[PDB]
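Trainee: Can you look at this? It's an experimental structure, sequence on top.
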Amino acid sequence: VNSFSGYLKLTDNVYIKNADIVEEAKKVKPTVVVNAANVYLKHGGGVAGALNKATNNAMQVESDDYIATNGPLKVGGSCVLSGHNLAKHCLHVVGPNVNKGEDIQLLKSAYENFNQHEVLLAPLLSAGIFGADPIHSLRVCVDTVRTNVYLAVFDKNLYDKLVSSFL
Ligand SMILES: O=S1(=O)CC[C@@H]1CNc1ncnc2[nH]c3cc(F)ccc3c12
């Protein structure tokens, strides 16, 4: 039993809710919140900008030190950093950004990072400003993640479309 509330169950292990991931993280305090990161951990907009703003820029400060030490992530890769006031940990995962021409097949590799964590609060990878089709992202999620994932979809119209079209 966990504290996630109001989710629709899609499969054995995948759940979905129309929610603001920032507000959801603030209420649940999950062990892991996933950020929709880029390789430079520059949290300027989308989910990343929202999560970073909610940490009063502490996420960005920590991220800049991470990059200065380790260099950029790979597209499809991830790193674990602090969850600050939102979660115990933040799993920064880099989905391909279609608006940069990155290969969509890397979306499966990106979701594989979730399997290293038993339970996660997450957005749909490569959705929003990353330019992928969220219906496709949900399908890859369901077919790749085996651990327990609670998906927050900010846009109510999109949430209803994802549910109604789910196979
Ligand atoms: O859901 S969508 O709009 C349709 C694709 C987008 C995915 N992005 C998100 N997914 C979940 N929670 C979220 N909270 C946010 C706060 C912001 F300021 C900007 C984006 C988000 C967001």
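Mentor: Thanks, I have it. Numbers count the residues shown, from 1 in each chain.
Trainee: contacts for the longest helix seen in the chain?
Mentor: The residue-count maximum for a helix in the chain (DSSP state H) belongs to helix 58-70. For helix 58-70, the surrounding residues in contact (C-beta atoms under 8 Å, 6 or more residues apart in numbering) are 35, 40-43, 51-52, 79, 81-82, 84, 90, 92. C-betas here are computed from N, CA, C, even on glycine.
Trainee: what residues does this protein put near the ligand?
Mentor: Within reach of the ligand by C-beta under 6 Å from any ligand atom, the chain has these residues: 20-22, 46-47, 50, 123, 127-128, 134, 152-155, 158.
Trainee: okay, now residue 18: neighbour count?
Mentor: 18 (other C-beta atoms under 10 Å).
Trainee: Kindly apply the preceding question to residue 146 instead.
Mentor: 12.
Trainee: Also residue 34?
Mentor: 32.
Trainee: Over to the one 5 residues further on?
Mentor: Residue 39 is surrounded by 18 other residues when neighbours are defined as other C-beta under 10 Å.
Trainee: so what's it up against?
Mentor: 72-75, 77, 94.
Trainee: do residue 135 as well
Mentor: 161-162, 165.
Trainee: picking that back up, looking at the residues of the chain next to the ligand, which two lie furthest apart in space?
Mentor: Across the residues of the chain next to the ligand, the longest distance by C-beta to C-beta is 18.4 Å; it joins 22 and 134.
Trainee: Quick one: the helices in the chain, in order.
Mentor: Under DSSP H, the chain gives helices at 21-28, 46-54, 58-70, 106-112, 134-144, 156-164.
Trainee: close enough to count as contact, residue 30 and residue 91?
Mentor: No - in this structure residue 30 lies outside contact range of residue 91 using C-beta atoms under 8 Å: 10.5 Å.
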